[PDB]
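Trainee: For reference, this is query-v4.csv, and it has CSV, C-alpha atoms.
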chain,number,residue,atom,x,y,z
A,2,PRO,CA,17.5,-18.3,-24.5
A,3,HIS,CA,17.6,-22.0,-25.5
A,4,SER,CA,18.5,-25.4,-24.1
A,5,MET,CA,19.4,-28.9,-24.9
A,6,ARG,CA,19.0,-31.8,-22.3
A,7,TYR,CA,19.2,-35.5,-22.2
A,8,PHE,CA,17.2,-37.2,-19.5
A,9,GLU,CA,18.4,-40.8,-18.8
A,10,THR,CA,16.9,-43.5,-16.6
A,11,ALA,CA,18.2,-47.0,-15.8
A,12,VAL,CA,15.9,-49.3,-13.8
A,13,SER,CA,17.4,-52.6,-12.6
A,14,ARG,CA,15.5,-55.8,-13.3
A,15,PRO,CA,16.0,-58.4,-10.5
A,16,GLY,CA,17.7,-61.6,-11.6
A,17,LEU,CA,18.7,-60.0,-15.0
A,18,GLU,CA,22.0,-58.8,-16.1
A,19,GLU,CA,20.7,-55.7,-18.0
A,20,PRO,CA,18.7,-52.9,-16.7
A,21,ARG,CA,16.0,-51.2,-18.7
A,22,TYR,CA,17.5,-47.9,-20.0
A,23,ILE,CA,15.7,-45.0,-21.5
A,24,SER,CA,17.3,-41.8,-23.0
A,25,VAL,CA,15.2,-38.8,-24.1
A,26,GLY,CA,16.6,-35.7,-25.8
A,27,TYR,CA,15.0,-32.3,-25.5
A,28,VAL,CA,15.6,-29.0,-27.2
A,29,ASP,CA,13.8,-26.0,-25.6
A,30,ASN,CA,11.8,-28.5,-23.6
A,31,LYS,CA,10.5,-30.4,-26.7
A,32,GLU,CA,11.3,-34.1,-26.9
A,33,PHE,CA,13.2,-34.6,-30.2
A,34,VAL,CA,14.8,-38.0,-29.8
A,35,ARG,CA,14.3,-41.2,-27.7
A,36,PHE,CA,16.0,-44.5,-27.1
A,37,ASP,CA,14.5,-47.4,-25.2
A,38,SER,CA,16.4,-50.7,-24.5
A,39,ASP,CA,13.1,-52.6,-24.2
A,40,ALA,CA,12.4,-52.6,-28.0
A,41,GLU,CA,13.1,-55.6,-30.2
A,42,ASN,CA,15.8,-53.8,-32.1
A,43,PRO,CA,16.7,-50.9,-29.8
A,44,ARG,CA,17.5,-47.8,-31.7
A,45,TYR,CA,17.4,-44.0,-31.4
A,46,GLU,CA,14.2,-42.6,-33.0
A,47,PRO,CA,13.3,-39.1,-34.0
A,48,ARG,CA,10.5,-37.5,-32.1
A,49,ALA,CA,10.4,-34.1,-33.8
A,50,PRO,CA,9.7,-33.6,-37.6
A,51,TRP,CA,12.9,-31.6,-38.2
A,52,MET,CA,15.1,-34.6,-37.1
A,53,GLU,CA,14.3,-36.0,-40.6
A,54,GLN,CA,17.3,-33.8,-41.6
A,55,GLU,CA,19.7,-36.3,-40.0
A,56,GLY,CA,20.9,-39.2,-42.1
A,57,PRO,CA,21.6,-42.8,-41.1
A,58,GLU,CA,25.1,-42.1,-39.8
A,59,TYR,CA,23.6,-39.9,-37.1
A,60,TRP,CA,21.2,-42.6,-35.9
A,61,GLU,CA,23.9,-45.3,-35.9
A,62,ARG,CA,26.4,-43.3,-33.9
A,63,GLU,CA,23.9,-42.1,-31.4
A,64,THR,CA,22.4,-45.6,-31.0
A,65,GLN,CA,25.9,-47.0,-30.2
A,66,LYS,CA,26.4,-44.2,-27.6
A,67,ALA,CA,23.1,-45.2,-25.9
A,68,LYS,CA,24.3,-48.8,-25.6
A,69,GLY,CA,27.5,-47.6,-24.0
A,70,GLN,CA,25.5,-45.5,-21.5
A,71,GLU,CA,23.4,-48.5,-20.7
A,72,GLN,CA,26.5,-50.4,-19.7
A,73,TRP,CA,27.8,-47.4,-17.6
A,74,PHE,CA,24.5,-47.3,-15.8
A,75,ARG,CA,24.5,-51.2,-15.3
A,76,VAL,CA,27.9,-51.0,-13.6
A,77,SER,CA,26.9,-47.9,-11.6
A,78,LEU,CA,23.7,-49.5,-10.4
A,79,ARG,CA,25.7,-52.4,-9.0
A,80,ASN,CA,28.2,-50.1,-7.3
A,81,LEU,CA,25.3,-48.2,-5.6
A,82,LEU,CA,23.9,-51.4,-4.3
A,83,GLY,CA,27.1,-51.8,-2.3
A,84,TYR,CA,27.4,-48.2,-1.1
A,85,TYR,CA,23.9,-48.4,0.3
A,86,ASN,CA,24.2,-52.0,1.6
A,87,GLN,CA,21.2,-52.9,-0.5
A,88,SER,CA,20.0,-56.4,-1.1
A,89,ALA,CA,19.5,-57.3,-4.8
A,90,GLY,CA,16.1,-58.8,-5.6
A,91,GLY,CA,14.5,-55.3,-5.7
A,92,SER,CA,14.5,-52.7,-8.4
A,93,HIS,CA,16.5,-49.5,-8.1
A,94,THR,CA,16.7,-46.5,-10.3
A,95,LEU,CA,19.6,-44.2,-11.5
A,96,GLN,CA,18.8,-41.0,-13.4
A,97,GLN,CA,21.0,-38.5,-15.1
A,98,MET,CA,20.2,-35.1,-16.6
A,99,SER,CA,22.8,-33.3,-18.8
A,100,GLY,CA,23.1,-30.5,-21.3
A,101,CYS,CA,23.5,-26.8,-21.9
A,102,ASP,CA,21.7,-23.5,-21.9
A,103,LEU,CA,22.5,-20.7,-24.3
A,104,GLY,CA,21.9,-17.1,-23.3
A,105,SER,CA,20.6,-14.3,-25.5
A,106,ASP,CA,24.3,-13.7,-26.6
A,107,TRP,CA,24.2,-17.3,-27.9
A,108,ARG,CA,27.2,-18.4,-25.9
A,109,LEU,CA,27.1,-21.1,-23.3
A,110,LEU,CA,25.3,-19.8,-20.3
A,111,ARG,CA,25.5,-22.9,-18.2
A,112,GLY,CA,26.3,-26.6,-18.5
A,113,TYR,CA,24.4,-29.2,-16.4
A,114,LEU,CA,25.3,-32.7,-15.1
A,115,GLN,CA,23.1,-34.2,-12.3
A,116,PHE,CA,22.5,-37.7,-11.0
A,117,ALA,CA,19.7,-39.1,-8.8
A,118,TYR,CA,19.5,-42.5,-7.1
A,119,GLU,CA,16.1,-43.7,-6.1
A,120,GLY,CA,14.7,-40.4,-7.3
A,121,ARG,CA,16.8,-38.4,-4.9
A,122,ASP,CA,19.7,-36.0,-5.6
A,123,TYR,CA,23.0,-38.0,-5.6
A,124,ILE,CA,25.8,-36.0,-7.2
A,125,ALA,CA,25.9,-32.9,-9.5
A,126,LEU,CA,28.6,-31.0,-11.3
A,127,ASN,CA,28.9,-27.5,-10.1
A,128,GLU,CA,28.4,-24.5,-12.5
A,129,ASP,CA,32.2,-24.1,-12.6
A,130,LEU,CA,32.3,-27.5,-14.4
A,131,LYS,CA,35.1,-28.5,-12.1
A,132,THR,CA,33.8,-29.3,-8.6
A,133,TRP,CA,31.0,-31.7,-7.4
A,134,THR,CA,28.2,-31.4,-5.0
A,135,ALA,CA,27.5,-34.8,-3.3
A,136,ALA,CA,24.1,-35.0,-1.6
A,137,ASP,CA,24.9,-37.7,1.0
A,138,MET,CA,27.6,-39.9,2.5
A,139,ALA,CA,27.5,-42.5,-0.3
A,140,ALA,CA,27.8,-39.8,-2.9
A,141,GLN,CA,31.0,-38.5,-1.1
A,142,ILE,CA,32.6,-41.8,-2.1
A,143,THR,CA,31.8,-41.0,-5.8
A,144,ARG,CA,32.9,-37.4,-5.4
A,145,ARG,CA,36.3,-38.4,-4.1
A,146,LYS,CA,36.6,-41.2,-6.7
A,147,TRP,CA,35.8,-38.6,-9.5
A,148,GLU,CA,38.2,-36.0,-8.0
A,149,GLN,CA,40.9,-38.7,-7.9
A,150,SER,CA,40.2,-39.6,-11.5
A,151,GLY,CA,39.7,-36.1,-12.8
A,152,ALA,CA,36.3,-37.0,-14.3
A,153,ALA,CA,35.0,-33.5,-14.5
A,154,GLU,CA,37.3,-32.3,-17.2
A,155,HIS,CA,35.8,-34.7,-19.7
A,156,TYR,CA,32.2,-33.5,-18.9
A,157,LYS,CA,33.4,-29.9,-19.1
A,158,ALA,CA,34.7,-30.5,-22.6
A,159,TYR,CA,31.4,-32.0,-23.9
A,160,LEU,CA,29.3,-29.2,-22.2
A,161,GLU,CA,31.4,-26.3,-23.6
A,162,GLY,CA,31.9,-28.0,-27.0
A,163,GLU,CA,29.7,-30.7,-28.6
A,164,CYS,CA,26.7,-29.7,-26.5
A,165,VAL,CA,26.8,-26.1,-27.9
A,166,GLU,CA,27.7,-27.3,-31.5
A,167,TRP,CA,24.7,-29.6,-31.7
A,168,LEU,CA,22.2,-27.3,-30.0
A,169,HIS,CA,23.1,-24.6,-32.6
A,170,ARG,CA,22.5,-27.2,-35.3
A,171,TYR,CA,19.1,-28.3,-33.9
A,172,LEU,CA,18.0,-24.8,-33.5
A,173,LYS,CA,18.9,-24.0,-37.1
A,174,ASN,CA,17.3,-27.2,-38.4
A,175,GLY,CA,14.2,-26.9,-36.2
A,176,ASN,CA,13.8,-23.1,-36.4
A,177,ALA,CA,10.4,-23.1,-38.0
A,178,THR,CA,8.8,-25.3,-35.3
A,179,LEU,CA,10.8,-24.4,-32.2
A,180,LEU,CA,10.3,-20.7,-32.6
A,181,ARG,CA,6.5,-20.9,-33.3
A,182,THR,CA,3.7,-20.2,-30.9
A,183,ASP,CA,0.0,-21.1,-30.6
A,184,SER,CA,-1.7,-18.5,-28.6
A,185,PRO,CA,-4.2,-19.7,-26.0
A,186,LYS,CA,-7.9,-20.1,-26.6
A,187,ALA,CA,-9.5,-18.8,-23.4
A,188,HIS,CA,-12.9,-18.6,-21.9
A,189,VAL,CA,-14.5,-18.2,-18.4
A,190,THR,CA,-17.0,-20.8,-17.0
A,191,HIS,CA,-19.4,-20.4,-14.1
A,192,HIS,CA,-20.2,-23.0,-11.5
A,193,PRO,CA,-22.2,-23.6,-8.3
A,194,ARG,CA,-20.0,-23.8,-5.2
A,195,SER,CA,-21.9,-23.2,-2.0
A,196,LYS,CA,-24.7,-21.1,-0.5
A,197,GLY,CA,-24.4,-17.6,-2.0
A,198,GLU,CA,-21.0,-18.4,-3.6
A,199,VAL,CA,-19.9,-19.5,-7.0
A,200,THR,CA,-16.8,-20.5,-8.8
A,201,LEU,CA,-15.4,-18.7,-11.9
A,202,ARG,CA,-12.9,-20.7,-13.9
A,203,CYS,CA,-10.7,-19.1,-16.5
A,204,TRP,CA,-9.5,-21.6,-19.1
A,205,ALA,CA,-6.6,-21.4,-21.4
A,206,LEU,CA,-6.4,-24.2,-24.1
A,207,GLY,CA,-4.3,-25.3,-27.0
A,208,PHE,CA,-1.3,-23.1,-26.3
A,209,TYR,CA,2.3,-23.5,-27.0
A,210,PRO,CA,4.9,-23.2,-25.6
A,211,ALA,CA,3.7,-24.3,-22.1
A,212,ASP,CA,4.8,-21.1,-20.3
A,213,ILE,CA,1.8,-19.1,-19.3
A,214,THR,CA,0.4,-16.8,-16.7
A,215,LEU,CA,-3.2,-16.6,-15.6
A,216,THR,CA,-4.4,-14.0,-13.1
A,217,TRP,CA,-7.6,-12.9,-11.5
A,218,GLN,CA,-8.4,-9.3,-10.4
A,219,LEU,CA,-11.0,-7.6,-8.2
A,220,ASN,CA,-11.1,-3.8,-7.7
A,221,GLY,CA,-7.8,-3.5,-9.5
A,222,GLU,CA,-5.9,-6.0,-7.3
A,223,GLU,CA,-4.5,-9.4,-8.3
A,224,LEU,CA,-6.1,-12.3,-6.3
A,225,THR,CA,-2.6,-13.7,-5.5
A,226,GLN,CA,-3.5,-15.8,-2.5
A,227,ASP,CA,-7.1,-16.4,-3.4
A,228,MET,CA,-7.2,-18.4,-6.6
A,229,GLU,CA,-6.8,-22.1,-7.4
A,230,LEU,CA,-4.3,-22.7,-10.2
A,231,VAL,CA,-4.3,-26.1,-11.9
A,232,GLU,CA,-1.0,-27.7,-12.9
A,233,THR,CA,-0.3,-27.2,-16.6
A,234,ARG,CA,-1.2,-30.3,-18.5
A,235,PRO,CA,-0.7,-31.6,-22.1
A,236,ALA,CA,-3.7,-31.6,-24.5
A,237,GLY,CA,-2.0,-34.6,-26.2
A,238,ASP,CA,-1.5,-33.0,-29.6
A,239,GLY,CA,1.6,-31.0,-28.6
A,240,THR,CA,-0.2,-28.1,-27.0
A,241,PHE,CA,-1.1,-27.3,-23.4
A,242,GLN,CA,-4.0,-26.4,-21.1
A,243,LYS,CA,-4.3,-24.6,-17.7
A,244,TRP,CA,-7.0,-22.9,-15.7
A,245,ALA,CA,-7.3,-20.6,-12.7
A,246,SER,CA,-10.4,-20.3,-10.6
A,247,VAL,CA,-11.8,-18.1,-7.8
A,248,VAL,CA,-14.8,-18.5,-5.5
A,249,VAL,CA,-16.8,-15.3,-5.5
A,250,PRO,CA,-20.1,-14.0,-4.1
A,251,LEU,CA,-23.3,-14.8,-6.1
A,252,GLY,CA,-24.2,-11.4,-7.7
A,253,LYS,CA,-20.6,-10.0,-7.8
A,254,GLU,CA,-19.3,-12.1,-10.7
A,255,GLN,CA,-19.0,-9.0,-13.0
A,256,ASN,CA,-16.4,-7.5,-10.6
A,257,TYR,CA,-13.9,-10.1,-11.5
A,258,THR,CA,-11.6,-10.2,-14.6
A,259,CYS,CA,-9.2,-12.8,-15.7
A,260,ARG,CA,-5.9,-11.9,-17.5
A,261,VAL,CA,-4.0,-14.3,-19.8
A,262,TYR,CA,-0.3,-13.8,-20.6
A,263,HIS,CA,1.6,-15.8,-23.2
A,264,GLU,CA,4.4,-15.3,-25.7
A,265,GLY,CA,1.9,-15.7,-28.6
A,266,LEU,CA,-0.2,-12.8,-27.3
A,267,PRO,CA,1.2,-9.3,-28.1
A,268,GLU,CA,-1.3,-7.9,-25.6
A,269,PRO,CA,-2.7,-10.0,-22.7
A,270,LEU,CA,-6.3,-11.2,-22.9
A,271,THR,CA,-8.8,-9.7,-20.5
A,272,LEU,CA,-11.8,-12.0,-19.7
A,273,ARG,CA,-15.0,-11.9,-17.7
A,274,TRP,CA,-17.9,-14.2,-17.0
A,275,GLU,CA,-20.4,-13.6,-19.8
A,276,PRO,CA,-23.8,-15.0,-18.9
B,1,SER,CA,24.0,-35.4,-29.7
B,2,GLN,CA,24.3,-36.8,-26.2
B,3,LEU,CA,27.2,-37.0,-23.7
B,4,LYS,CA,29.2,-40.2,-23.3
B,5,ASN,CA,30.0,-40.4,-19.6
B,6,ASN,CA,33.5,-40.5,-18.3
B,7,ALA,CA,34.9,-44.0,-18.2
B,8,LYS,CA,34.5,-43.6,-14.4
B,9,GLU,CA,31.2,-45.1,-13.0
B,10,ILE,CA,29.4,-44.1,-9.8
C,1,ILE,CA,11.0,-42.8,-0.5
C,2,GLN,CA,7.8,-43.1,-2.6
C,3,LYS,CA,6.1,-40.2,-4.2
C,4,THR,CA,2.4,-40.7,-4.7
C,5,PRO,CA,1.1,-39.7,-8.2
C,6,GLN,CA,-1.0,-36.7,-8.9
C,7,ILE,CA,-3.8,-37.4,-11.5
C,8,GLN,CA,-5.7,-35.1,-13.8
C,9,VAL,CA,-8.5,-36.5,-15.9
C,10,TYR,CA,-9.7,-34.1,-18.6
C,11,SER,CA,-10.8,-33.7,-22.2
C,12,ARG,CA,-8.6,-32.5,-25.0
C,13,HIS,CA,-11.4,-30.2,-26.3
C,14,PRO,CA,-14.3,-28.6,-24.4
C,15,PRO,CA,-16.9,-31.3,-24.1
C,16,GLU,CA,-20.2,-31.4,-25.9
C,17,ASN,CA,-22.6,-34.3,-25.3
C,18,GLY,CA,-22.8,-36.6,-28.3
C,19,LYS,CA,-19.7,-35.2,-29.9
C,20,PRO,CA,-16.4,-37.3,-30.1
C,21,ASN,CA,-13.4,-36.1,-28.1
C,22,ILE,CA,-10.3,-37.5,-26.4
C,23,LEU,CA,-10.1,-38.2,-22.7
C,24,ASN,CA,-6.7,-37.7,-21.1
C,25,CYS,CA,-5.3,-39.1,-17.8
C,26,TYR,CA,-2.1,-37.3,-16.9
C,27,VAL,CA,-0.2,-38.9,-14.1
C,28,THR,CA,2.7,-37.1,-12.5
C,29,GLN,CA,4.9,-36.7,-9.4
C,30,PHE,CA,5.4,-40.4,-8.8
C,31,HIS,CA,8.3,-42.7,-7.9
C,32,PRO,CA,9.3,-45.4,-8.6
C,33,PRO,CA,8.5,-45.4,-12.4
C,34,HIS,CA,6.5,-48.6,-12.5
C,35,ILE,CA,2.8,-47.7,-12.6
C,36,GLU,CA,-0.5,-49.3,-14.0
C,37,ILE,CA,-3.2,-47.0,-15.4
C,38,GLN,CA,-6.7,-47.9,-16.6
C,39,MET,CA,-9.4,-45.7,-18.0
C,40,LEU,CA,-13.0,-46.7,-17.3
C,41,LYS,CA,-16.4,-46.1,-18.8
C,42,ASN,CA,-19.2,-46.8,-16.3
C,43,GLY,CA,-16.8,-48.9,-14.2
C,44,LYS,CA,-15.7,-50.9,-17.2
C,45,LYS,CA,-12.2,-50.8,-18.6
C,46,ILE,CA,-11.8,-49.1,-22.0
C,47,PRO,CA,-10.0,-51.4,-24.3
C,48,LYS,CA,-8.4,-48.9,-26.6
C,49,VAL,CA,-6.3,-46.8,-24.2
C,50,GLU,CA,-3.1,-45.5,-25.5
C,51,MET,CA,-0.2,-44.8,-23.3
C,52,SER,CA,2.5,-42.2,-23.9
C,53,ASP,CA,6.1,-43.2,-23.3
C,54,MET,CA,7.3,-42.3,-19.8
C,55,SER,CA,9.4,-39.3,-19.0
C,56,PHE,CA,10.7,-37.6,-15.9
C,57,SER,CA,10.7,-33.9,-14.9
C,58,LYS,CA,13.5,-31.7,-13.5
C,59,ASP,CA,12.6,-32.8,-9.9
C,60,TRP,CA,13.3,-36.5,-10.9
C,61,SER,CA,9.7,-37.5,-10.7
C,62,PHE,CA,8.0,-39.5,-13.5
C,63,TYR,CA,5.1,-38.7,-15.7
C,64,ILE,CA,2.9,-40.3,-18.3
C,65,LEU,CA,-0.2,-39.6,-20.3
C,66,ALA,CA,-3.0,-42.1,-21.0
C,67,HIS,CA,-5.6,-41.2,-23.5
C,68,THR,CA,-8.5,-42.6,-25.4
C,69,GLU,CA,-11.3,-41.6,-27.8
C,70,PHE,CA,-14.6,-40.9,-26.0
C,71,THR,CA,-18.0,-39.4,-26.5
C,72,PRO,CA,-19.2,-37.5,-23.5
C,73,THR,CA,-22.9,-38.0,-22.7
C,74,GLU,CA,-25.3,-36.9,-20.0
C,75,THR,CA,-25.3,-40.2,-18.1
C,76,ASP,CA,-22.0,-42.1,-18.8
C,77,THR,CA,-19.2,-41.8,-16.2
C,78,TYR,CA,-15.5,-41.7,-17.0
C,79,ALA,CA,-12.6,-42.2,-14.7
C,80,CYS,CA,-8.9,-43.1,-14.5
C,81,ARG,CA,-7.7,-45.7,-12.1
C,82,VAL,CA,-4.0,-45.7,-11.0
C,83,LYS,CA,-2.2,-48.5,-9.2
C,84,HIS,CA,1.2,-47.5,-7.7
C,85,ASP,CA,3.3,-48.9,-4.8
C,86,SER,CA,3.1,-45.5,-3.0
C,87,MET,CA,-0.6,-46.4,-2.5
C,88,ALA,CA,-2.2,-49.3,-0.6
C,89,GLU,CA,-5.1,-49.3,-3.0
C,90,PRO,CA,-5.7,-48.2,-6.6
C,91,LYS,CA,-6.9,-44.6,-6.8
C,92,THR,CA,-9.9,-43.8,-9.0
C,93,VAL,CA,-10.4,-40.2,-10.2
C,94,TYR,CA,-13.6,-39.3,-12.1
C,95,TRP,CA,-13.7,-37.0,-15.1
C,96,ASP,CA,-15.4,-33.8,-14.1
C,97,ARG,CA,-16.2,-31.7,-17.2
C,98,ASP,CA,-15.8,-28.6,-15.1
C,99,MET,CA,-12.1,-29.2,-14.5
Show me the file's structure as structure tokens.
Mentor:
Amino acid sequence: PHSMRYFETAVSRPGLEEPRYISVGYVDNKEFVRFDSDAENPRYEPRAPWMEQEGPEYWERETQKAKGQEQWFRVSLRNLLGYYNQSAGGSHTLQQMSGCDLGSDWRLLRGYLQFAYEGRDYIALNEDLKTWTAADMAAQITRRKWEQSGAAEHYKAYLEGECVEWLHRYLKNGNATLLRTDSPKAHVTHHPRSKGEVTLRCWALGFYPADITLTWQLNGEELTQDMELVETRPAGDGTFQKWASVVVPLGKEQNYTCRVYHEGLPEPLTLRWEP
Amino acid sequence: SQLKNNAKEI
Amino acid sequence: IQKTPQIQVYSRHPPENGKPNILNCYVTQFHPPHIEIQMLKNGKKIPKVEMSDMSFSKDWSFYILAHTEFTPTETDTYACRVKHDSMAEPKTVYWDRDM
């Protein structure tokens, strides 16, 4: 399985004609291109090494598309001000996510088109790529307008066509980096907690991709409802970090084992506190 | 290569 | 609707006093996207703080990574201070080498 997504944000700037618009492309959850209207000379830039394989014609065409989107978001932002009886003079945000997932059979598994206003669900294209799910009353206005205009067909065509074509290309071009792993480096630390009780923390560092599972066991059972699991966070060098901790009786630390599961590990790691 | 939205705005 | 940021402050590598490292302040789950982030050494702003470009996650919420070179020591404190409209006052979170 594999995916391409563009994540777009327009933020209105009070008194100003143009919003700030940012578009970020992802393949398999790795940022690979970015456009930002706030630059001196706004242009799409590569964000993954393997996008060096595209020539100047690619960057020109995609740059022109971004400026088109910026205008589409400008007009939409104004329309939304009216739907919600909002005064101008404040900032508002409009976001879009779109793209496609490929299955293991390498065909289109699903296409996506979703919009959010003020960080809340607004309208989405249904999986059928024909009907819309409008989140509130204002969005029903848009749903009816897009049904009237037959907007969905145009989106369907991109998602089943150009989205799939380009994701295949990016996967081929980026194969050697996108298909790689960096298995976690793991260790257990030991910490004071409270009277007669200590914390064991099982660390996983420098891993890629970000998907991972950490578990703790006592007497052959997972501590499902009894561990603190930190949110996965970037190391800042392209790899990720996570940890899982448990509070345990002082003197019983050796009864606990941490397991680490990751694509880069043929067999899961089994770890313990080692004083 | 990203989607150009339908000429129809929100 | 305003979503208050979650903040993690943590080193890129396991810390060793006297050895250079990178300190990260990862700020997530916030809305709207405007945010102001400072990193501090003993209550003083660190001048060379780099800021990632901003992104948003599948739940629509924004995220950003601030980072700077640092050398952990026994007595210096490090923290990240975040100012966001979801909060009445800036939130300061200390680096804890155990987390």
Trainee: For chain B, work out the contacting residues on chain A at 9 Å, counting all atoms listed in the file, and write them as a tab-separated table (two decimals) with C-alpha atoms, in the coordinates of the input.
Mentor:
chain	number	residue	atom	x	y	z
A	6	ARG	CA	19.00	-31.80	-22.30
A	7	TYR	CA	19.20	-35.50	-22.20
A	26	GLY	CA	16.60	-35.70	-25.80
A	59	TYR	CA	23.60	-39.90	-37.10
A	63	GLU	CA	23.90	-42.10	-31.40
A	66	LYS	CA	26.40	-44.20	-27.60
A	67	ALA	CA	23.10	-45.20	-25.90
A	69	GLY	CA	27.50	-47.60	-24.00
A	70	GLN	CA	25.50	-45.50	-21.50
A	73	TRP	CA	27.80	-47.40	-17.60
A	74	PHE	CA	24.50	-47.30	-15.80
A	76	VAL	CA	27.90	-51.00	-13.60
A	77	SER	CA	26.90	-47.90	-11.60
A	78	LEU	CA	23.70	-49.50	-10.40
A	80	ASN	CA	28.20	-50.10	-7.30
A	81	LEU	CA	25.30	-48.20	-5.60
A	99	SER	CA	22.80	-33.30	-18.80
A	100	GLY	CA	23.10	-30.50	-21.30
A	140	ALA	CA	27.80	-39.80	-2.90
A	142	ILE	CA	32.60	-41.80	-2.10
A	143	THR	CA	31.80	-41.00	-5.80
A	144	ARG	CA	32.90	-37.40	-5.40
A	146	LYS	CA	36.60	-41.20	-6.70
A	147	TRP	CA	35.80	-38.60	-9.50
A	150	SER	CA	40.20	-39.60	-11.50
A	152	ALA	CA	36.30	-37.00	-14.30
A	153	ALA	CA	35.00	-33.50	-14.50
A	155	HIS	CA	35.80	-34.70	-19.70
A	156	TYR	CA	32.20	-33.50	-18.90
A	159	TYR	CA	31.40	-32.00	-23.90
A	160	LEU	CA	29.30	-29.20	-22.20
A	163	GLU	CA	29.70	-30.70	-28.60
A	164	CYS	CA	26.70	-29.70	-26.50
A	167	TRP	CA	24.70	-29.60	-31.70
A	168	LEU	CA	22.20	-27.30	-30.00
Trainee: Let me make sure I understand: among A:54, A:218, A:4, A:87, which one has the smallest atom-to-atom distance to residue 31 of chain A if we use only C-alpha atoms?
Mentor: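 Going through A:54, A:218, A:4, A:87 one by one, the smallest distance to residue 31 of chain A is for A:4.
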Trainee: At a cut-off of 10 Å, using all atoms listed in the file, what residues contact residue 64 of chain C? Leave out same-chain residues fewer than 6 positions from it and give the result as number ranges by chain.
Mentor: C: 7, 25-30, 33, 35, 37, 51-56
Trainee: Using all atoms listed in the file, determine which residues lie at most 12 Å from residue 58 of chain C, disregarding the query and same-chain residues fewer than 6 positions distant; provide the list as a PDB file with C-alpha atoms, in the coordinates of the input.
Mentor:
ATOM      1  CA  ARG A   6      19.000 -31.800 -22.300  1.00  0.00           C
ATOM      2  CA  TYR A   7      19.200 -35.500 -22.200  1.00  0.00           C
ATOM      3  CA  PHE A   8      17.200 -37.200 -19.500  1.00  0.00           C
ATOM      4  CA  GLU A   9      18.400 -40.800 -18.800  1.00  0.00           C
ATOM      5  CA  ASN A  30      11.800 -28.500 -23.600  1.00  0.00           C
ATOM      6  CA  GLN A  96      18.800 -41.000 -13.400  1.00  0.00           C
ATOM      7  CA  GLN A  97      21.000 -38.500 -15.100  1.00  0.00           C
ATOM      8  CA  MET A  98      20.200 -35.100 -16.600  1.00  0.00           C
ATOM      9  CA  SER A  99      22.800 -33.300 -18.800  1.00  0.00           C
ATOM     10  CA  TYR A 113      24.400 -29.200 -16.400  1.00  0.00           C
ATOM     11  CA  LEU A 114      25.300 -32.700 -15.100  1.00  0.00           C
ATOM     12  CA  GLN A 115      23.100 -34.200 -12.300  1.00  0.00           C
ATOM     13  CA  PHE A 116      22.500 -37.700 -11.000  1.00  0.00           C
ATOM     14  CA  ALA A 117      19.700 -39.100  -8.800  1.00  0.00           C
ATOM     15  CA  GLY A 120      14.700 -40.400  -7.300  1.00  0.00           C
ATOM     16  CA  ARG A 121      16.800 -38.400  -4.900  1.00  0.00           C
ATOM     17  CA  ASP A 122      19.700 -36.000  -5.600  1.00  0.00           C
TER      18      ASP A 122
ATOM     19  CA  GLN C  29       4.900 -36.700  -9.400  1.00  0.00           C
TER      20      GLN C  29
END
Trainee: Ranking C:77, C:71, C:21, C:38 by minimum distance to chain A and counting only C-alpha atoms, which one comes first?
Mentor: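 Using only C-alpha atoms, the shortest distance to chain A belongs to C:21.
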Trainee: Would you list which chain C residues are within 7 Å of chain A using all atoms listed in the file, as an NGL selection string?
Mentor: :C and (12 or 31 or 60-61)
Trainee: Excluding residue 67 of chain C and any residue of its chain fewer than 6 positions from it, enumerate the residues within 7 Å of it, using only C-alpha atoms, and give them as a PyMOL selection string.
Mentor: chain C and resi 22-25+49-51
Trainee: Atom CA of residue 226 of chain A to atom CA of residue 253 of chain A: how many Å, to one decimal?
Mentor: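 Computed distance, atom CA of residue 226 of chain A to atom CA of residue 253 of chain A, equals 18.8 Å.
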Trainee: Between atom CA of residue 42 of chain A and atom CA of residue 13 of chain A, what is the distance, to one decimal in Å?
Mentor: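 Atom CA of residue 13 of chain A lies at a distance of 19.6 Å from atom CA of residue 42 of chain A.
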Trainee: Just give me the gap between atom CA of residue 85 of chain C and atom CA of residue 91 of chain A in Å, one decimal is fine.
Mentor: 12.9 Å
Trainee: Pick from C:63, C:34, C:40, C:13: nearest to residue 205 of chain A, with only C-alpha atoms counted?
Mentor: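 Looking only at the distances to residue 205 of chain A, the closest residue turns out to be C:13.
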Trainee: Just want the 9 Å neighbourhood of residue 73 of chain C, counted on all atoms listed in the file, with same-chain residues fewer than 6 positions away dropped. Output as number ranges by chain.
Mentor: C: 16-19
Trainee: Missing atoms in segment 31-35 of chain A: fill them in up to N, CA and C atoms and send the result as an mmCIF file, keeping the file's coordinate frame.
Mentor:
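Dumped to result.cif:
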data_model
loop_
_atom_site.group_PDB
_atom_site.id
_atom_site.type_symbol
_atom_site.label_atom_id
_atom_site.label_comp_id
_atom_site.auth_asym_id
_atom_site.auth_seq_id
_atom_site.Cartn_x
_atom_site.Cartn_y
_atom_site.Cartn_z
ATOM 1 N N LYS A 31 11.220 -29.511 -25.780
ATOM 2 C CA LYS A 31 10.500 -30.400 -26.700
ATOM 3 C C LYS A 31 11.309 -31.646 -26.934
ATOM 4 N N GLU A 32 10.709 -32.802 -26.635
ATOM 5 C CA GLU A 32 11.300 -34.100 -26.900
ATOM 6 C C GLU A 32 11.590 -34.191 -28.431
ATOM 7 N N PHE A 33 12.821 -34.530 -28.781
ATOM 8 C CA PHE A 33 13.200 -34.600 -30.200
ATOM 9 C C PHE A 33 13.873 -35.868 -30.580
ATOM 10 N N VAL A 34 14.353 -36.655 -29.606
ATOM 11 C CA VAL A 34 14.800 -38.000 -29.800
ATOM 12 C C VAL A 34 14.569 -38.889 -28.597
ATOM 13 N N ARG A 35 14.507 -40.204 -28.806
ATOM 14 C CA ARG A 35 14.300 -41.200 -27.700
ATOM 15 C C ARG A 35 14.898 -42.522 -28.058
#
